[PDB]
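In the form deposited in one PDB entry, a lone chain appears below as structure tokens.
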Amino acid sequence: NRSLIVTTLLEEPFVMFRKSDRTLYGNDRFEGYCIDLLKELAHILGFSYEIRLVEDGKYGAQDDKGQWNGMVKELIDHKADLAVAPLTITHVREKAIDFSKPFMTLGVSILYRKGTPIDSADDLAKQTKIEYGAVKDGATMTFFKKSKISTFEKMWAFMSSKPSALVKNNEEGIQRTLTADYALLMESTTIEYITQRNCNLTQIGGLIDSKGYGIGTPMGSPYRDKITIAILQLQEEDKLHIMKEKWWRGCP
């Protein structure tokens, strides 16, 4: 019996500020893959909504007291009804919030410049010349912090130690990659987006793991299963694959 508060953050090409001469307001400020997804979901399920950028600009992770930040935290405190973004479904987050079925698959990989001898995460772990990190308080950082795998523990030790290696967001990580001897642990669909538009960057190795993006809701929300049903409809209508190709579609 109302509109929903949709939380999200700026991340190319998922959610971006549209270009317009005249000043746009409210939901009209945004375009991108997730904005389109949101429009399709609101249409099918018949709900109205308002988009708010999350204040601390973070996806979400736990401190030592066990308290969350980022979009995940917004759902916990019922300040939002849906998180509509490239929000990684993880078993850690499932303890605190709920996720629809995935609308896109991805895995962690490495973004780095072309031409080097580096071919895998192990090659980065072995050495210390080349620095490497991940986005701060995102799922990738959490993957390394929580890993029990010898190599990844080693890499978390390194990351965590260097005072600069954990970057505010993807844009800052991309800039560190371009500007310094730095490799970014990054999700593969974004690496795909970046490497199509920057011929001097490449993906290093394959996927370190495998997961998906899903719409987040507060735990117990009835919209979770409704959103899952709408996502399944769109996959059946092949609308998600058309949507990807529109926002993702050359390097010699």
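Heads up, when I say rigid core I mean the largest set of C-alphas that superpose within 1.5 Å between the two forms. Numbering starts at 1 and follows the sequence shown.
A second form of this protein, the form deposited in another entry, is not displayed here; the remarks below concern that form.
- If you fit the rigid core between this form and the one not shown, you'll see the Cα of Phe158 move by 2 angstroms or more.
- Relative to the superposed core, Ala96 undergoes a Cα shift smaller than 2 Å between this form and the one not shown.
- For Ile174, a C-alpha deviation below 2 angstroms is recorded between this form and the one not shown after rigid-core alignment.
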